[PDB]
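Visitor: My structure file run22.pdb, PDB, C-alpha atoms and all ligand atoms, is below:
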```pdb
ATOM      1  CA  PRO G1109       0.000   0.000   0.000  1.00  0.00           C
ATOM      2  CA  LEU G1110       0.954   3.747  -0.144  1.00  0.00           C
ATOM      3  CA  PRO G1111       2.596   4.929   3.110  1.00  0.00           C
ATOM      4  CA  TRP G1112       0.618   8.234   2.886  1.00  0.00           C
ATOM      5  CA  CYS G1113      -1.977  10.029   0.742  1.00  0.00           C
ATOM      6  CA  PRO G1114      -3.212  13.608   0.735  1.00  0.00           C
ATOM      7  CA  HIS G1115      -6.721  12.443   1.891  1.00  0.00           C
ATOM      8  CA  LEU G1116      -5.648  11.149   5.375  1.00  0.00           C
ATOM      9  CA  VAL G1117      -6.699  14.620   6.700  1.00  0.00           C
ATOM     10  CA  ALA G1118     -10.345  13.455   6.091  1.00  0.00           C
ATOM     11  CA  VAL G1119     -10.025  10.439   8.463  1.00  0.00           C
ATOM     12  CA  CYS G1120     -12.242  11.238  11.457  1.00  0.00           C
ATOM     13  CA  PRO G1121     -12.268   9.971  15.053  1.00  0.00           C
ATOM     14  CA  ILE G1122     -13.821   6.571  15.713  1.00  0.00           C
ATOM     15  CA  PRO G1123     -17.300   6.809  17.259  1.00  0.00           C
ATOM     16  CA  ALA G1124     -16.931   5.777  20.991  1.00  0.00           C
ATOM     17  CA  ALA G1125     -19.955   3.562  19.955  1.00  0.00           C
ATOM     18  CA  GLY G1126     -17.054   1.716  18.197  1.00  0.00           C
ATOM     19  CA  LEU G1127     -17.217  -0.295  14.963  1.00  0.00           C
ATOM     20  CA  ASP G1128     -19.455  -3.269  14.141  1.00  0.00           C
ATOM     21  CA  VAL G1129     -17.667  -5.303  11.451  1.00  0.00           C
ATOM     22  CA  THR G1130     -20.976  -7.259  10.919  1.00  0.00           C
ATOM     23  CA  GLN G1131     -23.061  -4.088  10.207  1.00  0.00           C
ATOM     24  CA  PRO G1132     -25.003  -4.486   6.911  1.00  0.00           C
ATOM     25  CA  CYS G1133     -24.997  -2.158   3.890  1.00  0.00           C
ATOM     26  CA  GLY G1134     -26.969   0.995   4.754  1.00  0.00           C
ATOM     27  CA  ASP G1135     -28.663   0.925   1.264  1.00  0.00           C
ATOM     28  CA  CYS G1136     -29.278  -2.780   0.325  1.00  0.00           C
ATOM     29  CA  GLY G1137     -28.753  -4.560   3.698  1.00  0.00           C
ATOM     30  CA  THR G1138     -26.230  -7.086   2.269  1.00  0.00           C
ATOM     31  CA  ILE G1139     -23.909  -8.689   4.901  1.00  0.00           C
ATOM     32  CA  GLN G1140     -21.266  -9.315   2.120  1.00  0.00           C
ATOM     33  CA  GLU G1141     -18.081  -7.280   1.393  1.00  0.00           C
ATOM     34  CA  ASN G1142     -19.008  -4.152   3.308  1.00  0.00           C
ATOM     35  CA  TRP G1143     -16.713  -1.162   3.788  1.00  0.00           C
ATOM     36  CA  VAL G1144     -16.949   1.571   6.438  1.00  0.00           C
ATOM     37  CA  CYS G1145     -16.361   5.229   5.467  1.00  0.00           C
ATOM     38  CA  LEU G1146     -13.516   6.713   7.581  1.00  0.00           C
ATOM     39  CA  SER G1147     -15.112  10.211   7.376  1.00  0.00           C
ATOM     40  CA  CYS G1148     -18.693   9.587   8.605  1.00  0.00           C
ATOM     41  CA  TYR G1149     -18.589   5.831   9.542  1.00  0.00           C
ATOM     42  CA  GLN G1150     -21.565   4.817   7.356  1.00  0.00           C
ATOM     43  CA  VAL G1151     -21.317   1.197   6.081  1.00  0.00           C
ATOM     44  CA  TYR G1152     -21.962   0.323   2.398  1.00  0.00           C
ATOM     45  CA  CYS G1153     -21.240  -2.668   0.137  1.00  0.00           C
ATOM     46  CA  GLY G1154     -18.335  -3.086  -2.235  1.00  0.00           C
ATOM     47  CA  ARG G1155     -18.207  -2.866  -6.005  1.00  0.00           C
ATOM     48  CA  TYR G1156     -18.577  -6.678  -6.508  1.00  0.00           C
ATOM     49  CA  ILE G1157     -21.913  -6.607  -4.571  1.00  0.00           C
ATOM     50  CA  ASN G1158     -24.120  -3.551  -5.388  1.00  0.00           C
ATOM     51  CA  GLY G1159     -21.429  -0.790  -5.354  1.00  0.00           C
ATOM     52  CA  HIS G1160     -23.153   1.329  -2.666  1.00  0.00           C
ATOM     53  CA  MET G1161     -19.810   2.485  -1.120  1.00  0.00           C
ATOM     54  CA  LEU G1162     -18.656   3.749  -4.581  1.00  0.00           C
ATOM     55  CA  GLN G1163     -22.058   5.541  -4.859  1.00  0.00           C
ATOM     56  CA  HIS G1164     -21.546   7.035  -1.336  1.00  0.00           C
ATOM     57  CA  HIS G1165     -18.090   8.280  -2.483  1.00  0.00           C
ATOM     58  CA  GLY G1166     -19.696   9.868  -5.597  1.00  0.00           C
ATOM     59  CA  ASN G1167     -22.414  11.676  -3.611  1.00  0.00           C
ATOM     60  CA  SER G1168     -20.256  12.714  -0.518  1.00  0.00           C
ATOM     61  CA  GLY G1169     -16.699  12.996  -1.993  1.00  0.00           C
ATOM     62  CA  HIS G1170     -15.452  11.092   1.126  1.00  0.00           C
ATOM     63  CA  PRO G1171     -12.113   9.570   0.163  1.00  0.00           C
ATOM     64  CA  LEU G1172     -11.098   6.622   2.391  1.00  0.00           C
ATOM     65  CA  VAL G1173     -12.936   3.426   3.269  1.00  0.00           C
ATOM     66  CA  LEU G1174     -11.939   0.399   5.324  1.00  0.00           C
ATOM     67  CA  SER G1175     -12.738  -3.217   4.383  1.00  0.00           C
ATOM     68  CA  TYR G1176     -14.604  -5.359   6.932  1.00  0.00           C
ATOM     69  CA  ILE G1177     -13.074  -8.402   5.101  1.00  0.00           C
ATOM     70  CA  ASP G1178      -9.324  -7.730   5.540  1.00  0.00           C
ATOM     71  CA  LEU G1179      -9.073  -4.253   7.250  1.00  0.00           C
ATOM     72  CA  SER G1180      -7.318  -2.739   4.190  1.00  0.00           C
ATOM     73  CA  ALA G1181      -7.979   1.018   3.569  1.00  0.00           C
ATOM     74  CA  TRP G1182      -8.841   2.178  -0.004  1.00  0.00           C
ATOM     75  CA  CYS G1183      -8.624   5.779  -1.256  1.00  0.00           C
ATOM     76  CA  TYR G1184     -11.075   6.395  -4.141  1.00  0.00           C
ATOM     77  CA  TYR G1185      -9.109   9.479  -5.336  1.00  0.00           C
ATOM     78  CA  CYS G1186      -5.612   7.927  -5.239  1.00  0.00           C
ATOM     79  CA  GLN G1187      -7.126   4.565  -6.533  1.00  0.00           C
ATOM     80  CA  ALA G1188      -4.763   2.784  -4.110  1.00  0.00           C
ATOM     81  CA  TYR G1189      -4.591   1.115  -0.733  1.00  0.00           C
ATOM     82  CA  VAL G1190      -3.105   3.341   1.990  1.00  0.00           C
ATOM     83  CA  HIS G1191      -1.558   2.464   5.338  1.00  0.00           C
ATOM     84  CA  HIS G1192      -0.417   5.075   7.842  1.00  0.00           C
ATOM     85  CA  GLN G1193      -0.188   5.520  11.652  1.00  0.00           C
ATOM     86  CA  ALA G1194      -3.362   7.742  11.287  1.00  0.00           C
ATOM     87  CA  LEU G1195      -5.312   4.475  10.359  1.00  0.00           C
ATOM     88  CA  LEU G1196      -3.906   2.290  13.196  1.00  0.00           C
ATOM     89  CA  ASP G1197      -6.623   3.310  15.793  1.00  0.00           C
ATOM     90  CA  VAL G1198      -9.509   2.338  13.421  1.00  0.00           C
ATOM     91  CA  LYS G1199      -7.770  -0.876  12.182  1.00  0.00           C
ATOM     92  CA  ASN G1200      -6.965  -2.058  15.729  1.00  0.00           C
ATOM     93  CA  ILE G1201     -10.581  -1.466  16.904  1.00  0.00           C
ATOM     94  CA  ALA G1202     -11.969  -3.199  13.778  1.00  0.00           C
ATOM     95  CA  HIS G1203      -9.532  -6.158  14.349  1.00  0.00           C
ATOM     96  CA  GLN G1204     -10.633  -6.492  18.022  1.00  0.00           C
ATOM     97  CA  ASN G1205     -14.358  -6.433  17.009  1.00  0.00           C
ATOM     98  CA  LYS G1206     -13.742  -8.945  14.109  1.00  0.00           C
ATOM     99  CA  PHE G1207     -11.420 -11.446  15.969  1.00  0.00           C
TER     100      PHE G1207
HETATM  101  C1  LIG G1301      -9.554  -5.794   0.554  1.00  0.00           C
HETATM  102  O1  LIG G1301      -9.965  -5.972  -0.785  1.00  0.00           O
HETATM  103  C2  LIG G1301     -11.243  -6.387  -1.012  1.00  0.00           C
HETATM  104  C3  LIG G1301     -12.161  -6.680  -0.008  1.00  0.00           C
HETATM  105  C4  LIG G1301     -13.466  -6.954  -0.359  1.00  0.00           C
HETATM  106  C5  LIG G1301     -13.858  -6.925  -1.670  1.00  0.00           C
HETATM  107  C6  LIG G1301     -12.947  -6.655  -2.667  1.00  0.00           C
HETATM  108  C7  LIG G1301     -11.619  -6.397  -2.354  1.00  0.00           C
HETATM  109  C8  LIG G1301     -10.630  -6.034  -3.414  1.00  0.00           C
HETATM  110  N1  LIG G1301     -10.299  -4.625  -3.288  1.00  0.00           N
HETATM  111  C9  LIG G1301     -11.040  -3.664  -3.812  1.00  0.00           C
HETATM  112  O2  LIG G1301     -12.096  -3.845  -4.448  1.00  0.00           O
HETATM  113  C10 LIG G1301     -10.494  -2.271  -3.581  1.00  0.00           C
HETATM  114  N2  LIG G1301     -11.053  -1.423  -4.587  1.00  0.00           N
HETATM  115  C11 LIG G1301     -12.170  -0.662  -4.339  1.00  0.00           C
HETATM  116  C12 LIG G1301     -12.744  -0.803  -2.967  1.00  0.00           C
HETATM  117  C13 LIG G1301     -14.003   0.005  -2.748  1.00  0.00           C
HETATM  118  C14 LIG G1301     -15.268  -0.528  -3.413  1.00  0.00           C
HETATM  119  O3  LIG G1301     -15.441  -1.726  -3.669  1.00  0.00           O
HETATM  120  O4  LIG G1301     -16.171   0.394  -3.574  1.00  0.00           O
HETATM  121  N3  LIG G1301     -12.757   0.054  -5.234  1.00  0.00           N
HETATM  122  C15 LIG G1301     -12.175   0.103  -6.501  1.00  0.00           C
HETATM  123  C16 LIG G1301     -12.769   0.844  -7.516  1.00  0.00           C
HETATM  124 CL1  LIG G1301     -14.149   1.798  -7.146  1.00  0.00          CL
HETATM  125  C17 LIG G1301     -12.256   0.880  -8.796  1.00  0.00           C
HETATM  126  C18 LIG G1301     -11.100   0.187  -9.078  1.00  0.00           C
HETATM  127  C19 LIG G1301     -10.466  -0.560  -8.104  1.00  0.00           C
HETATM  128  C20 LIG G1301     -11.020  -0.613  -6.823  1.00  0.00           C
HETATM  129  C21 LIG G1301     -10.443  -1.465  -5.847  1.00  0.00           C
HETATM  130  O5  LIG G1301      -9.589  -2.294  -6.089  1.00  0.00           O
HETATM  131 ZN    ZN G1302     -25.374  -2.272  -0.787  1.00  0.00          ZN
HETATM  132 ZN    ZN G1303     -18.743   8.998   4.068  1.00  0.00          ZN
HETATM  133 ZN    ZN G1304      -5.898   9.640  -1.325  1.00  0.00          ZN
END
```
Can the structure in the file be given as structure tokens, please?
Guide:
Amino acid sequence: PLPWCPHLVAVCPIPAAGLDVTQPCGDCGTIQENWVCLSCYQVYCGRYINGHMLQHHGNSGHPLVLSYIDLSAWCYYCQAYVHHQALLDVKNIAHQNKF
């Protein structure tokens, strides 16, 4: 992954409610291949399901999303995975909730 991207400034604090890696897609309710938005922490499905997270990106401009499958972070603008110390809080909480 990239060690940095200019959109990490948009990563927001984790809700103290925490993360639910089994939360369904906010639009279609699928339990498959969801992503969480690291700006507003809405959960939407990936492009191989119904593409609701890509739609969310298009209608919000929010850049960075985290996979509830493998905890990788995707930037829609950079079209790359990103990993940085700024993502470690969210990844560690997601990992604890998942495993
Ligand atoms: C942990 O990996 C995955 C986890 C679950 C499902 C698929 C993958 C493969 N990884 C991706 O699908 C990453 N990605 C995304 C993610 C956001 C989305 O699915 O909305 N959008 C792209 C888009 Cl929008 C265009 C081109 C490439 C990608 C891309 O590779
Ligand atoms: Zn969906
Ligand atoms: Zn968002
Ligand atoms: Zn970026």
Visitor: Can you work out which one of G:1154, G:1207, G:1202, G:1172 has the shortest atom-to-atom distance to ligand ZN 1304 (chain G), counting all atoms listed in the file?
Guide: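 Closest candidate: G:1172.
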Visitor: What gap, in Å, lies between atom CA of residue 1130 of chain G and atom CA of residue 1114 of chain G?
Guide: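 Atom-to-atom, atom CA of residue 1130 of chain G and atom CA of residue 1114 of chain G are spaced 29.2 Å apart.
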Visitor: So how far away is atom CA of residue 1188 of chain G from atom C15 of ligand LIG 1301 (chain G), in Å?
Guide: 8.2 Å
Visitor: Take every atom of ligand LIG 1301 (chain G) listed in the file, pad by 8 Å on each side, and give me the axis-aligned box centre and edge lengths in Å, one decimal, as lines of an AutoDock Vina configuration file.
Guide:
```
center_x = -12.9
center_y = -2.6
center_z = -4.3
size_x = 22.6
size_y = 24.8
size_z = 25.6
```
Visitor: Give me the residues within 9 Å of residue 1126 of chain G as number ranges by chain, counting only C-alpha atoms and dropping any in the same chain fewer than 5 places off.
Guide: G: 1198, 1201-1202, 1205
Visitor: Write a file of the just-selected residues containing C-alpha atoms, as an mmCIF file, in the coordinates of the input.
Guide:
```
data_model
loop_
_atom_site.group_PDB
_atom_site.id
_atom_site.type_symbol
_atom_site.label_atom_id
_atom_site.label_comp_id
_atom_site.auth_asym_id
_atom_site.auth_seq_id
_atom_site.Cartn_x
_atom_site.Cartn_y
_atom_site.Cartn_z
ATOM 1 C CA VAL G 1198 -9.509 2.338 13.421
ATOM 2 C CA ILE G 1201 -10.581 -1.466 16.904
ATOM 3 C CA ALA G 1202 -11.969 -3.199 13.778
ATOM 4 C CA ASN G 1205 -14.358 -6.433 17.009
#
```
Visitor: Kindly provide, as an MDAnalysis selection string, all nucleotide and amino acid residues lying within 12 Å of ligand ZN 1304 (chain G), counting all atoms listed in the file.
Guide: chainID G and resid 1109:1119 1169:1173 1181:1192
Visitor: Identify which of the residues G:1177, G:1120, G:1125, G:1161 lies closest to residue 1141 of chain G, counting all atoms listed in the file when measuring atom-to-atom distances.
Guide: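 When distances to residue 1141 of chain G are compared using all atoms listed in the file, the smallest one comes from G:1177.
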Visitor: Which residues of chain G have any atom within 12 Å of an atom in ligand ZN 1302 (chain G) when counting all atoms listed in the file, and what is the closest pair of atoms for each, with the distance in Å to one decimal? Order the rows by chain and rising number and write it as CSV.
Guide:
```
residue,atom,partner,partner_atom,distance
G:1131,CA,G:ZN1302,ZN,11.4
G:1132,CA,G:ZN1302,ZN,8.0
G:1133,CA,G:ZN1302,ZN,4.7
G:1134,CA,G:ZN1302,ZN,6.6
G:1135,CA,G:ZN1302,ZN,5.0
G:1136,CA,G:ZN1302,ZN,4.1
G:1137,CA,G:ZN1302,ZN,6.1
G:1138,CA,G:ZN1302,ZN,5.8
G:1139,CA,G:ZN1302,ZN,8.7
G:1140,CA,G:ZN1302,ZN,8.7
G:1141,CA,G:ZN1302,ZN,9.1
G:1142,CA,G:ZN1302,ZN,7.8
G:1143,CA,G:ZN1302,ZN,9.9
G:1144,CA,G:ZN1302,ZN,11.7
G:1150,CA,G:ZN1302,ZN,11.4
G:1151,CA,G:ZN1302,ZN,8.7
G:1152,CA,G:ZN1302,ZN,5.3
G:1153,CA,G:ZN1302,ZN,4.3
G:1154,CA,G:ZN1302,ZN,7.2
G:1155,CA,G:ZN1302,ZN,8.9
G:1156,CA,G:ZN1302,ZN,9.9
G:1157,CA,G:ZN1302,ZN,6.7
G:1158,CA,G:ZN1302,ZN,4.9
G:1159,CA,G:ZN1302,ZN,6.2
G:1160,CA,G:ZN1302,ZN,4.6
G:1161,CA,G:ZN1302,ZN,7.3
G:1162,CA,G:ZN1302,ZN,9.8
G:1163,CA,G:ZN1302,ZN,9.4
G:1164,CA,G:ZN1302,ZN,10.1
```
Visitor: Give me the residues of chain G that have any atom at most 7 Å from an atom of ligand ZN 1303 (chain G); for each, the nearest atom pair and the distance in Å, rounded to one decimal. Use all atoms listed in the file, sort by chain and number, and format it as CSV.
Guide:
```
residue,atom,partner,partner_atom,distance
G:1145,CA,G:ZN1303,ZN,4.7
G:1146,CA,G:ZN1303,ZN,6.7
G:1147,CA,G:ZN1303,ZN,5.1
G:1148,CA,G:ZN1303,ZN,4.6
G:1149,CA,G:ZN1303,ZN,6.3
G:1150,CA,G:ZN1303,ZN,6.0
G:1164,CA,G:ZN1303,ZN,6.4
G:1165,CA,G:ZN1303,ZN,6.6
G:1168,CA,G:ZN1303,ZN,6.1
G:1170,CA,G:ZN1303,ZN,4.9
```
Visitor: Output C-alpha atoms for every residue in the selection just made, as a short mmCIF file (atom, residue, chain, number, x, y, z; two decimals), keeping the file's coordinate frame.
Guide:
```cif
data_model
loop_
_atom_site.label_atom_id
_atom_site.label_comp_id
_atom_site.auth_asym_id
_atom_site.auth_seq_id
_atom_site.Cartn_x
_atom_site.Cartn_y
_atom_site.Cartn_z
CA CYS G 1145 -16.36 5.23 5.47
CA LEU G 1146 -13.52 6.71 7.58
CA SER G 1147 -15.11 10.21 7.38
CA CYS G 1148 -18.69 9.59 8.60
CA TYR G 1149 -18.59 5.83 9.54
CA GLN G 1150 -21.56 4.82 7.36
CA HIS G 1164 -21.55 7.04 -1.34
CA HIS G 1165 -18.09 8.28 -2.48
CA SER G 1168 -20.26 12.71 -0.52
CA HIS G 1170 -15.45 11.09 1.13
#
```
Visitor: Distance atom CA of residue 1122 of chain G-atom CL1 of ligand LIG 1301 (chain G), one decimal place?
Guide: 23.4 Å
Visitor: Find, counting all atoms listed in the file, the residue in G:1123, G:1179, G:1194, G:1204 that gets nearest to ligand LIG 1301 (chain G).
Guide: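 For ligand LIG 1301 (chain G), the nearest of the given residues is G:1179.
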Visitor: Could you check the closest approach to ligand LIG 1301 (chain G) for each of G:1166, G:1121, G:1180, G:1129 and tell me which residue wins, using only C-alpha atoms and all ligand atoms?
Guide: G:1180
Visitor: Looking at all atoms listed in the file, which of G:1195, G:1167, G:1176, G:1124 is the one that sits closest to ligand LIG 1301 (chain G)?
Guide: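 Under the stated criterion, the closest residue is G:1176.
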Visitor: For ligand LIG 1301 (chain G), which residue among G:1206, G:1200, G:1174, G:1193 is the nearest when counting all atoms listed in the file?
Guide: G:1174
Visitor: Can segment 1149-1160 of chain G be brought up to N, CA, C and O atoms and written out as a PDB file, keeping the file's coordinate frame?
Guide:
```
ATOM      1  N   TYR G1149     -18.377   7.145   8.873  1.00  0.00           N
ATOM      2  CA  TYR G1149     -18.589   5.831   9.542  1.00  0.00           C
ATOM      3  C   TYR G1149     -19.946   5.223   9.178  1.00  0.00           C
ATOM      4  O   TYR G1149     -20.389   4.284   9.862  1.00  0.00           O
ATOM      5  N   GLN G1150     -20.492   5.589   8.029  1.00  0.00           N
ATOM      6  CA  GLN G1150     -21.565   4.817   7.356  1.00  0.00           C
ATOM      7  C   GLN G1150     -20.960   3.567   6.704  1.00  0.00           C
ATOM      8  O   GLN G1150     -19.810   3.596   6.267  1.00  0.00           O
ATOM      9  N   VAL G1151     -21.760   2.519   6.614  1.00  0.00           N
ATOM     10  CA  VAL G1151     -21.317   1.197   6.081  1.00  0.00           C
ATOM     11  C   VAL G1151     -22.075   0.897   4.789  1.00  0.00           C
ATOM     12  O   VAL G1151     -23.330   0.995   4.781  1.00  0.00           O
ATOM     13  N   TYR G1152     -21.356   0.558   3.721  1.00  0.00           N
ATOM     14  CA  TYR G1152     -21.962   0.323   2.398  1.00  0.00           C
ATOM     15  C   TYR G1152     -21.171  -0.782   1.692  1.00  0.00           C
ATOM     16  O   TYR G1152     -19.953  -0.931   1.956  1.00  0.00           O
ATOM     17  N   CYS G1153     -21.817  -1.453   0.751  1.00  0.00           N
ATOM     18  CA  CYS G1153     -21.240  -2.668   0.137  1.00  0.00           C
ATOM     19  C   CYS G1153     -20.257  -2.289  -0.977  1.00  0.00           C
ATOM     20  O   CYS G1153     -20.292  -1.208  -1.596  1.00  0.00           O
ATOM     21  N   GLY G1154     -19.366  -3.221  -1.220  1.00  0.00           N
ATOM     22  CA  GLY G1154     -18.335  -3.086  -2.235  1.00  0.00           C
ATOM     23  C   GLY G1154     -18.809  -3.240  -3.651  1.00  0.00           C
ATOM     24  O   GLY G1154     -19.942  -3.653  -3.897  1.00  0.00           O
ATOM     25  N   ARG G1155     -17.889  -2.953  -4.578  1.00  0.00           N
ATOM     26  CA  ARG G1155     -18.207  -2.866  -6.005  1.00  0.00           C
ATOM     27  C   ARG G1155     -18.624  -4.224  -6.572  1.00  0.00           C
ATOM     28  O   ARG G1155     -19.395  -4.190  -7.569  1.00  0.00           O
ATOM     29  N   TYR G1156     -18.180  -5.346  -6.001  1.00  0.00           N
ATOM     30  CA  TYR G1156     -18.577  -6.678  -6.508  1.00  0.00           C
ATOM     31  C   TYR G1156     -19.947  -7.074  -5.991  1.00  0.00           C
ATOM     32  O   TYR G1156     -20.467  -8.075  -6.502  1.00  0.00           O
ATOM     33  N   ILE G1157     -20.534  -6.343  -5.047  1.00  0.00           N
ATOM     34  CA  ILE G1157     -21.913  -6.607  -4.571  1.00  0.00           C
ATOM     35  C   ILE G1157     -22.828  -5.628  -5.312  1.00  0.00           C
ATOM     36  O   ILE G1157     -23.147  -5.872  -6.473  1.00  0.00           O
ATOM     37  N   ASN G1158     -23.218  -4.508  -4.719  1.00  0.00           N
ATOM     38  CA  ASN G1158     -24.120  -3.551  -5.388  1.00  0.00           C
ATOM     39  C   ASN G1158     -23.443  -2.189  -5.550  1.00  0.00           C
ATOM     40  O   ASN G1158     -24.098  -1.288  -6.046  1.00  0.00           O
ATOM     41  N   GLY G1159     -22.178  -2.036  -5.134  1.00  0.00           N
ATOM     42  CA  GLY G1159     -21.429  -0.790  -5.354  1.00  0.00           C
ATOM     43  C   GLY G1159     -21.950   0.391  -4.574  1.00  0.00           C
ATOM     44  O   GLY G1159     -21.746   1.540  -5.024  1.00  0.00           O
ATOM     45  N   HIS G1160     -22.599   0.195  -3.441  1.00  0.00           N
ATOM     46  CA  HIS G1160     -23.153   1.329  -2.666  1.00  0.00           C
ATOM     47  C   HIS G1160     -22.053   2.200  -2.036  1.00  0.00           C
ATOM     48  O   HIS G1160     -22.339   3.395  -1.848  1.00  0.00           O
TER      49      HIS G1160
END
```
